[PDB]
Amino acid sequence: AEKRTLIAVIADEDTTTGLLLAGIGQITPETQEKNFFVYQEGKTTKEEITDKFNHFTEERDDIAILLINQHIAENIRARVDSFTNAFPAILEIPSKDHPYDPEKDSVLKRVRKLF
Amino acid sequence: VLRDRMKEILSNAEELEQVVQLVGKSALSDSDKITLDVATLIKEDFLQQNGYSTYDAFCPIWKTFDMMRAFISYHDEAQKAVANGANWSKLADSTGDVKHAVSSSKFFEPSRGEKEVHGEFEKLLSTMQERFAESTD
Amino acid sequence: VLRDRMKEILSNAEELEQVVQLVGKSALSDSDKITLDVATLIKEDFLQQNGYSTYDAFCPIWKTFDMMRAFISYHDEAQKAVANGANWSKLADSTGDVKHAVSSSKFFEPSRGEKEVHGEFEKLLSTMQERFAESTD
Amino acid sequence: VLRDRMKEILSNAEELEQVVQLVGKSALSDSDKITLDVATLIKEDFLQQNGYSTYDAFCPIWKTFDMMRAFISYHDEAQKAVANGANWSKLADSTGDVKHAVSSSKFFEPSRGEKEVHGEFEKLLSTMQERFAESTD
Amino acid sequence: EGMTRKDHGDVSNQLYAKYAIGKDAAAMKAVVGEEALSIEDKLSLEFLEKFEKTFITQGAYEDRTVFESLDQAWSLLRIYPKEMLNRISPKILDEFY
Amino acid sequence: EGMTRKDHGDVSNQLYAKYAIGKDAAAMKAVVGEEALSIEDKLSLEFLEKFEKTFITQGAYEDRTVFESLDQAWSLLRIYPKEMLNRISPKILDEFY
Amino acid sequence: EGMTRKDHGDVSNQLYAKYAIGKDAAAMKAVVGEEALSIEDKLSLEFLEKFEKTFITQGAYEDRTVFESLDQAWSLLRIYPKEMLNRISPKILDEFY
Amino acid sequence: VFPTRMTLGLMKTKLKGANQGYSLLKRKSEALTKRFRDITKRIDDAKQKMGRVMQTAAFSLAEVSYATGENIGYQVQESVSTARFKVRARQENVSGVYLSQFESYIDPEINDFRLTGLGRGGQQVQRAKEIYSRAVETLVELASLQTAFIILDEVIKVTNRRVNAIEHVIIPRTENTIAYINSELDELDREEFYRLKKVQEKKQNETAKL
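Residue numbers (the authors' numbering), protein chains in the order written: chain N, 2 to 116; chain E, 480 to 616; chain A, 480 to 616; chain C, 480 to 616; chain B, 389 to 485; chain F, 389 to 485; chain D, 389 to 485; chain M, 8 to 217.
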């Protein structure tokens, strides 16, 4: 039952802002920290994504779905794959400026061996 | 040569089915799919009998030799054809007449090419070569 | 009519017992849970026998029928609720009071209701019906 | 003390192993692996003592004490290490050469060190304590 | 009465039943996994360990009185609440719980 | 054949097969439920029940002739369509269904 | 010596001990699946496969020399680090893995 | 080791247990694997669907940002501190396993901000916002299958382990035990008769003799 209500994001600027207009993530008022992480490609470090991921999965116990741009999941690949829980669900979506590759998607990788 | 290959095909067929359960179809492809299919045709032609015909109960040494020759020739050429670009369903539909005619060799007379020699098998080899051209292209 | 249904509940229980061990409890439907649950009531009250003669270990045959009547009247209601919609858990909360009574049947004596059966058991059949109507709605 | 513990460590190891085999190791703590891991070192190092030399065939009371003392000490320290932070794999990987250093002590003669206690076992205690700090880190 | 309690028969009955379930559950843990197990079974696993290491562990020269032995039996039994204990008549249960 | 119809041997193949599948399917129902149970097995689950309760349950002094017995058989198989009674000839099946 | 190595017996002890371990690791592969297996089992899995088709497969009119078998053993046995190869002494081991 | 007399009744039932277990858990497995395949295909398609619709709306917002002047998106992120689309989680039993599912509810806390109105530049953000809300809501509903899919992913691995574990370790152990004690047990009944018979012959011979 209910224990998770937010949908969070790790995505590039135009992708993140748009998700917010649609009305899915928010910033907590008590901690002063976002439940989205903005990213810009080549410009913002691989390390910061890795922390923010930990903030969202393990320190937030209220994130229901963690959405993540495929290009971005590919930078911190170990971190996305190694988390096998559905709590949060990890949903890799094709990153802006890139098509759908079925093997930049962590759940599908796992699916292939043993049906 | 032909007998050893008979044993191998049955052993393999069994083994690829287990993989389809545990591993999945991701370990399955069309080369394997032809392997399952040759074993099915071998079971029906060899293993199943009950004396429906008189020619289904006496089949000479030379006739038995001729049935296994069709099926192994189908196998190797189907695999070659899917590698130069073809699909299982496409191979299956295309082989068709020959595939039907060779299954039905048990109902057919064994005195067709003399008295022990069956003519249909001798004419299969040539059909198979022209057929392989239809399946690839 | 009662005797055949008591065995029946217990039969299904053995089948259930193997699934319960292996898979767990997290897979059985609402109907199946009840079967085990009414089975508990019979195991508690009939198979156990408290004392030499203390705790009213002596049950006359007519009292025994009444003990059984209370459980199977409960089973049929219990089977209808889940089927007409009511979670196993919800149905257990709502049954409450009538369930405790049937559980408590063995300490009671029939010599203070009539002389061989209990006025308390007659009252129990009315209470069952009333409970059921509230709980279903 | 060491004999009490010697019994316990092998008996706990056996029960755990049944669950790893059947269910898996992936449904079971890092800690339960640790008991098995230390237990294994005792299995090769003690049990095989058939020897290929007099050095690997003889084991005085002092030497027998020493090899047991280093393994129990490893267990106690390893469970701490993982518990305050440190994965399993990292601990296994780190101790590495040390696991081997005790393994090889049997091959070397006991007339070495002070008496019948190797300088290699004497040093081995310091190396153990030095290792727990790094594993933990 | 006067040297043993009236609860004494009841007390033995409780220990067997829990001790038995605990054993049965430990076996299923082994083959299939902890998907078969339930919360009740956890109480039971926990109950096996408390029984073995407290009740059955004692001296070779450490003698006891019967009253003490029934008092220690009780200690183990405190972990199930009243509603899951039904190997004692409820009348007796309210006194000694 | 003369006092028993020709369909006896054929019908026995179908009743036996379904009955087998039917035992297995009930065990499966218990676990999976009916939200992911197979369709072929769902009809076989209901089939297990009728096979017992009418073809195997009879009176004390209830007597049934062989012709009659054969008819009842087809009635139990009548629920399945033709595509799940595929081990029988369309001529016989089209007459007897 | 002079026809056998003294190492000949020692080499046998690695070969037998690994074969067994390997055989156990294959038993776990069948059950648990590779993903679940740890690093130690994977090496050993690999050793077992190589052992069957190369060591115990030879011709039926094909002779072997004892020297020759041990040299074949060393390559096959070479699939483990020095920590794990410890059923032979560090002197002989340092030379040949 | 194994019991001297009559393990056989027990071992018979052990044999039965093992064998039923393998069948049922392979059926449970069979249903999970069958459902999973179908869900895998839905998901591959859906990922392309979500990506294309999300990006079309992405491109519309990006043009808008540039035309309006300045990087609008930083401003919007701070200002927003509540969410419309949340989920309330529910358990659904599919194939005897309990999964987590998500059901969206749309809260009307926010619908217009203070950045979707600016005047002329504001009318552009507004046209963008509307494509993004429609596109995203669909994406949230599709995302619901994912959560369940991941739990399915986990459960198939466990369930497969078990079918194989009953098969290899338990059943042949049970064969080996049952045979050894059956043969011992039979040996007792036959040797007993043989010893008694051999002695009788002597006793009979003596009486005839004297």
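We put the beta carbon where it would ideally sit given N, CA and C, even for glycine.
Using beta-carbon distances, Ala418 (chain F) counts as an interface residue toward chain A, with a partner under 8 Å.
Nearest Cα to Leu604 (chain C) within the set C:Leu570, C:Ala549, C:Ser582 and C:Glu494: C:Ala549. Residue environment for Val499 (chain A): buried (at least 16 other C-beta atoms within 10 angstroms of its C-beta). Under the Cβ criterion of 8 Å, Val502 (chain E) is counted among the residues facing chain N. Here DSSP, grouped into helix, strand and coil, assigns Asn76 (chain N) to helix. Between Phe116 (chain N) and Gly503 (chain E) a beta carbon distance of about 3 Å is seen, short of the 8 Å cut, so the two are scored as contacting.
As summarised for the stretch 42-106 of chain M, the continuous beta strand (DSSP E) elements at least 3 residues long and confined to that stretch are 92-101, given in chain order. Judged by DSSP secondary structure, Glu456 (chain D) falls within the alpha helix (DSSP H) whose first and last residues are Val454 to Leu465. Taking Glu601 (chain C) as reference, the option from C:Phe611, C:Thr615 and C:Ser584 with the minimal CA-CA separation is C:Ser584. Residue nearest to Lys394 (chain D) within the set D:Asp482, D:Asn474, D:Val454 and D:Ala415 is D:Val454 (criterion: CA-CA distance). Residue contact check for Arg121 (chain M) against chain D: no CB pair falls below 8 Å. By the rule that beta-carbons nearer than 8 Å mark a contact, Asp395 (chain F) does not touch chain M. Around the CB of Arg475 (chain F), fewer than 16 other CB atoms lie within 10 Å, so the residue is classed as exposed.
Assignment of beta-bridge partners to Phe37 (chain N) by DSSP yields N:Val10. Cβ-Cβ separation between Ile64 (chain N) and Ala23 (chain N): approximately 17 Å, too far for a contact (criterion under 8 Å). With fewer than 16 other beta carbons inside 10 angstroms of its own, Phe537 (chain A) counts as exposed. Closest in C-alpha terms to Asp429 (chain B), from the list B:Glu450, B:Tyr468, B:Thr445 and B:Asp451, comes B:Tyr468. Under the Cβ distance rule, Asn183 (chain M) does not count among the residues neighbouring chain D, no pair being separated by less than 8 Å.
Relative to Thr519 (chain E), the option among E:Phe611, E:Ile551 and E:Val561 whose CA is nearest is E:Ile551.
Within chain N, the residues whose beta carbon sits less than 8 Å from that of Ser505 (chain E) are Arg113, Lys114 and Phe116, listed in sequence order. Per DSSP, the unbroken alpha helix (DSSP H) holding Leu495 (chain C) starts and ends at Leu481 to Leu501. Residue-level contact by beta carbon holds for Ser426 (chain B) and chain A, with a gap shorter than 8 Å. Counting the other Cβ atoms within 10 Å of the Cβ of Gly421 (chain B) gives 16 or more, which makes it buried.
Non-local beta-carbon contacts of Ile177 (chain M) in its own chain, meaning distances under 7 Å to residues more than five positions away in sequence, involve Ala25 in chain order.
Between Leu67 (chain N) and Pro100 (chain N), the gap from beta carbon to beta carbon reaches 8 Å or more. From the listed residues M:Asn118, M:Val60, M:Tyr73 and M:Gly28, the smallest Cα separation to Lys97 (chain N) is found for M:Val60. Look at the stretch 503-530 of chain A: the residues with a C-beta under 7 Å from a C-beta of chain F are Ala506, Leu507, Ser508 and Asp511. Cβ neighbours of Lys35 (chain M) within its own chain (closer than 8 Å, five residues either side excluded): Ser102, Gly103 and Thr166.
When secondary structure is reduced to three states using DSSP, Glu593 (chain C) falls in the coil class, being assigned neither helix nor strand. For a Cβ distance threshold of 7 Å, residue set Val502 and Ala506 of chain C lies close to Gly421 (chain B), ordered along the chain. Between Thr89 (chain M) and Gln27 (chain N), the C-beta spacing is below 8 Å. Between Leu458 (chain F) and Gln402 (chain F), the gap from beta carbon to beta carbon reaches 8 Å or more. Taking a beta-carbon distance threshold of 8 Å, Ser584 (chain C) does not count as an interface residue toward chain D. Taken atom to atom, the span from the alpha-carbon of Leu526 (chain E) to that of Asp535 (chain E) is near 11 Å. Taking C-beta separations shorter than 8 Å and ignoring five residues to either side along the sequence, the partners of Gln446 (chain B) in its chain run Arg452, following chain order. Collapsing the DSSP output to three states places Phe587 (chain A) in coil.
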